[PDB]
Amino acid sequence: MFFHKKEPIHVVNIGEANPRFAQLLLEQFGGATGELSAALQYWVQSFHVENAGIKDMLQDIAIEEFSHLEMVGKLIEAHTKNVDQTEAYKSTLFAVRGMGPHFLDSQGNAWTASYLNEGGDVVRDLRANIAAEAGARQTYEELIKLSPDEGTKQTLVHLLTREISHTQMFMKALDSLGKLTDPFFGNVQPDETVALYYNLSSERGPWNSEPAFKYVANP
Amino acid sequence: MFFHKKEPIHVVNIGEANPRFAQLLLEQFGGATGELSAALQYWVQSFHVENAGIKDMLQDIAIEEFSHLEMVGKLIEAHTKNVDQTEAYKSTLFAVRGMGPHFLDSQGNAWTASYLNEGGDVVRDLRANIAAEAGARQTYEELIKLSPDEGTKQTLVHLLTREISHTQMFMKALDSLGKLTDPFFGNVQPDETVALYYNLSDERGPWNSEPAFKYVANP
Amino acid sequence: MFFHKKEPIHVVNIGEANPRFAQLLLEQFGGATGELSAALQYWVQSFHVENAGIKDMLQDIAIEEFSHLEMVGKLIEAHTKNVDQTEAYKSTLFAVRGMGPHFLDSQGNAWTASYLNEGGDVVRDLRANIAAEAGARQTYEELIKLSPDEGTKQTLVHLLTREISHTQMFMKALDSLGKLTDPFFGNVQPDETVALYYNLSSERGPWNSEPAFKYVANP
Amino acid sequence: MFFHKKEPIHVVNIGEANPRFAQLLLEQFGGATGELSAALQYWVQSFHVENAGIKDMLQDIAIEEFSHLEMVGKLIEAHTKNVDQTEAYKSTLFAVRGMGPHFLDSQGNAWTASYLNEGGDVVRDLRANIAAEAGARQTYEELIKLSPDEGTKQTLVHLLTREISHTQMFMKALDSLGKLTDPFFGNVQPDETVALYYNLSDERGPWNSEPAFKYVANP
Amino acid sequence: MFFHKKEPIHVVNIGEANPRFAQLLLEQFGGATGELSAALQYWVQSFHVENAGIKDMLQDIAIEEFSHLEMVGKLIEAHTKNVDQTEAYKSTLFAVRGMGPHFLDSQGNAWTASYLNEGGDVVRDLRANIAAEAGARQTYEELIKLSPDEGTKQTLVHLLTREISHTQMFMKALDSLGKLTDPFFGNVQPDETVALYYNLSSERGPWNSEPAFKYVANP
Amino acid sequence: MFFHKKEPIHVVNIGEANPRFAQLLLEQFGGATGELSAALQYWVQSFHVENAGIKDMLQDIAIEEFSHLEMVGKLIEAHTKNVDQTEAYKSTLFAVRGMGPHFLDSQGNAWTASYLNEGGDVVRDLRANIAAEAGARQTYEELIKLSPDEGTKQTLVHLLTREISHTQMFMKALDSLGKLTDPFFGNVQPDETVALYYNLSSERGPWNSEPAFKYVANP
Ligand SMILES: [Ca+2]
Ligand SMILES: [Ca+2]
Ligand SMILES: [Ca+2]
Ligand SMILES: [Ca+2]
Ligand SMILES: [Ca+2]
Ligand SMILES: [Ca+2]
Ligand SMILES: [Ca+2]
Ligand SMILES: [Ca+2]
Ligand SMILES: [Ca+2]
Ligand SMILES: [Ca+2]
Ligand SMILES: [Mn+2]
Ligand SMILES: [Mn+2]
Ligand SMILES: [Mn+2]
Ligand SMILES: [Mn+2]
Ligand SMILES: [Mn+2]
Ligand SMILES: [Mn+2]
Ligand SMILES: [Mn+2]
Ligand SMILES: [Mn+2]
Ligand SMILES: [Mn+2]
Ligand SMILES: [Mn+2]
Ligand SMILES: [Mn+2]
Ligand SMILES: [Mn+2]
């Protein structure tokens, strides 16, 4: 059951409204690595996660992401607030889509559920969640490097922080299953070619050397 | 440059043609967790990966996935050959689209680059590659349990096996950077709320408690 | 700020699990007229709705829809629970996508934000919300006509009920603005052709007759 | 059958060519609230609307929208003619896509039938048509305020005017069924929780209180 | 301007309703090779084709494609009407989407303008149209071989026949420009490699023999 | 099987980085007329083309299209590397998506298999390919006229030239089947209306004159 308290976790604080940046910020509202993606991925996973311990974790983190989503939407509201007659505004998608957040990315691409990565075994879900957090932190860094003022930059820092936090949670959820560094899961046992490496593009490293792999220099 | 030799990795060996299974098999041709996704994700990453070692690894694997894509395509061609009058065939999308593989999934959804997860830091790429590898293994397991004949099963088992192989390659690469189990990456320093968990939805675990998290029961 | 209490408003109650129907039910999870659509439309609208009275209404209804979304996801979980070896299951998308809800419709189409209808003046938002409720109720009726058991049929009846409720709320939100039956809004005054009707496909009614319109039988 | 005569409704009268505005104008050619959406939504409804009167109305309007689509297309052709060397033109999608209209929106998003809202009950269709009409009017207003010359503005004003006209036609049709202000439609009888409001997020209103709703302050 | 008389190019007649065939038939309505693709592509091209003769031809053909679209819709309508309770109907997407045509294909994929090939040069446009025609005729043939009855079969045969006609029109247009059998077009001068053929996959034919090509047997 | 050597068809050389041109260049990478469309379309066709000669030709060409794709990627890479701080770069989608090519077009649209035209008959396939080639050459020309420097211009000229080459290959293949100038193909016999031309829009040409057509001046 969903409840809602109106004010956000952190609080809206920006400088002069920056509509051009607000459009870049849509990437974390309606974009692939955005907050809607995280919130919906971890939540839809929880429905088929049998272990109550991890199902709870997914739901806690998911609900937090709904609050991050709320926050980003407020930054976008403020950065497109009372500036609809400026020329900076007129060069943004907000000029035709209206002020405020919209569930699209910075390129105007509507949010798709193809952004999501979930299903089957919990190992896939957790590994997909780790990847989604990596994408999230990445986009948050690029936006911080482009942030208009300081109040924005630090709200984005807090968000970027929580994704590093979440990354740990998922990493520890896997560790409890002993599947953190163990590449194998599922029920299908591998054949004899499992430790082979094919040099199909022609460099050496631990990914193609002993004791981990039998390197095949020329197929 | 690309080069192609006509012989596949493993020759196609199927029982009687099963066009309904052929449609399910499209999940690995034009599906989200499919071979085109793997091939394109790793290859597009190689254009912005600086480490010459890791870049080469991404290309080696990507080229293999193209060859996996070929095998999946040959399986689908075989299970839809000379059967366009059976009622099984007429209940598939192959009846209107034509025999052989197409870049759709099992639900007829056209492949979309929205499936891909890539960009920026190599830590993200490798983590995205590990997640992608999981979903590929998962989908392959489901197809294995639904396989129509033993020859088809073995070909799918080998394909699944290579995803296990690829997972290890990606882990060893991520581990060689010391970032396989280290949640932090990037340039943005974390703040004060890093090691805090919020009970926004009581099940507990290492993701939730000491020594890595301070539990907040009621926010 | 989002909070979550684990158990749903109503309670899971079905008969024998029906995976084929569960797929039809995805229409209200990840479909156009589904619960995610309503929840996200009314919520993203609230960010640019200036009137606090209506902004609150949108948020109340939106949060309720998140709980409807939770409910439908539980029906789908139950109707795909412990049936993964039946042949009914094997003919569904769940066979390859895994058990449990997924943010796609009954046709396997991923949820898109193009489903959403919002922006600009509150009159558009409310009229779009009325339309979204009409679509919602429609799909709920078709599913009720196809429901497997009685416990399902009545959970769907309660959902269909609340959408008729919501329809009223929006209809009364417009009435408070005096824009319920008044076709005009915005700031652009119409020209002289506003009351014309062009017979471009060649029947009469109030939509093309006096006193409302000047009918043009032949352009 | 369809018939086309080469002369548009209003001849194109623009100032100097403005290719940047031409891109914004694509919102009414290949955009969500655009003329193709209106034309196709109303037309596809006519195939399942039983009432011979309403069905004819949908076709009359749909054919007009096709003619509106033509005018928008002519506007876009005019504002992108013989200017492919100006730097304004080179900053638009017309530089790679070619001059003239294309079935994309102002962000380059290909038109998608996901824009359409239709199906089942005629009450839904008309309500979907009213909502669609609102978004069309809204987008037209924004384009009017951003128009490059007076001749372009007047053409857009007339187009906006017809959407006001169409809204009334749809209202009169919905009213003739007694369903313009009546929230109920369909065959499924409502249950016990029909007239109940939940304060899940205190602002009050006719949507929230007596005599139509029993307020639930804390669920 | 557009105009519409109510009877199709010719009477549509079917046997009993076959809703399962109607879903397949959606390919020619909201599918890639369907009538909407043909209509829109040729029409959108007319806005930038400078040859008044070829422009008119495109318009002539597009308007006929609209009439074909109406026919396909009416066939789909007839094959889905009054058969709600039948088990065949319940196995189709019409069960949840409603009776009659919808702008999607046989798989439930919403129609997208990405189906269209157009822009820039008339030679590109005309070649695209010949290709689109070939896809339409191909799809029609597959439907014809799946025909539920004879009345339907003869309608689809006529529609197929008209695509052959259009192909001849487009070829005559291409041939009037001298570009039907001459590959070169545009304003860019080719370099020294225009006659090279690379044997990158390992067969001979006119595509890699003298006089036309310098065959590179081993790159 | 697939194989990869590391150097392209020829050396890629540019001037200074022009990230704004690199975004335009994405059309030939992840765009509709791009190299991925060409590669995948011709390759996927090879799985169902029965003519061993034409099958091999399709494979030969597709593998070359892959090499072109690598080149386009490398051009995009060079034009986006080491220029993060520059204001031009910050105006591009690379600012949020990262340096280098991504499988999207100049508008940010993710690549989709809906760009592909294929299936059924080799004649349909070959005509589709001639059309795809025409789109590629057209796009290349627009990029060439927008070239940032001479090194880039000469690479795009070569790539354009190779499309002219492919067009000749596909034409020779079509001509070997006797279907280059003959519209008819497939297994369905046309009816009595194959030579009719309808003047539905109101010009004359070989597309509607004797000997080929019976012109219907007024339907
Ligand atoms: Ca290597
Ligand atoms: Ca489907
Ligand atoms: Ca908890
Ligand atoms: Ca009429
Ligand atoms: Ca864009
Ligand atoms: Ca409230
Ligand atoms: Ca789809
Ligand atoms: Ca060869
Ligand atoms: Ca898009
Ligand atoms: Ca004409
Ligand atoms: Mn977050
Ligand atoms: Mn997170
Ligand atoms: Mn693979
Ligand atoms: Mn793999
Ligand atoms: Mn609801
Ligand atoms: Mn509702
Ligand atoms: Mn209009
Ligand atoms: Mn209208
Ligand atoms: Mn046609
Ligand atoms: Mn045609
Ligand atoms: Mn090429
Ligand atoms: Mn080519």
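Each chain gets a letter, A, B and so on, in the order its sequence line appears, and its residues count up from 1.
- Remark: E:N208 CG to F:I61 CD1 distance equals 9.5 Å, nearest 0.5 Å.
- A salt bridge is absent between B:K74 and B:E70; no separation between the charged side-chain nitrogens and carboxylate oxygens falls under 4.0 Å.
- B:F94 and B:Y89 have tilted rings, their planes meeting at an angle from 30° to 60° on a 0 to 90° scale.
- Between F:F2 and F:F66, the ring planes lie perpendicular to each other; the angle is over 60°, past the 30° to 60° tilted range.
- Ring geometry for F:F47 against B:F29 counts as perpendicular: the plane angle is over 60°, on a 0 to 90° scale with 30° as the lower cut.
- Using the six-membered ring where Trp is involved, E:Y197 and E:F213 have ring planes that are perpendicular, over 60° apart on the 30 and 60° scheme.
- For E:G205 against E:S209, the heavy-atom pair with the smallest separation is O-OG, 2.8 Å.
- A donor atom on one side chain and an acceptor atom on the other are found under 3.5 Å apart for E:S201 and B:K6.
- Separating the NZ atom in F:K214 from the OG atom in E:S165 is a distance of 12.5 Å, to the nearest 0.5 Å.
- Note that the CG atom of E:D175 and the OG1 atom of E:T181 stand 6.0 Å from one another [nearest 0.5 Å].
- Using modelled atom types and a 3.5 Å distance limit, the side chains of E:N199 and E:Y215 yield a donor-acceptor pair.
- Relative orientation of the B:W43 and F:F103 rings is tilted, given thresholds of 30° and 60° on the angle between their planes.
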- Query: side chain to side chain contact (heavy atoms under 4.5 Å, CB included) between E:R124 and E:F185: does it pass, once the steps are laid out?
  - Reply: CA-CA 9 Å; E:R124 178 265 189 92; E:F185 78 101; 4.2 Å; yes
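- Atom OG1 of B:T80 is separated from atom CE of B:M99 by 3.5 Å, given to the nearest 0.5 angstrom.
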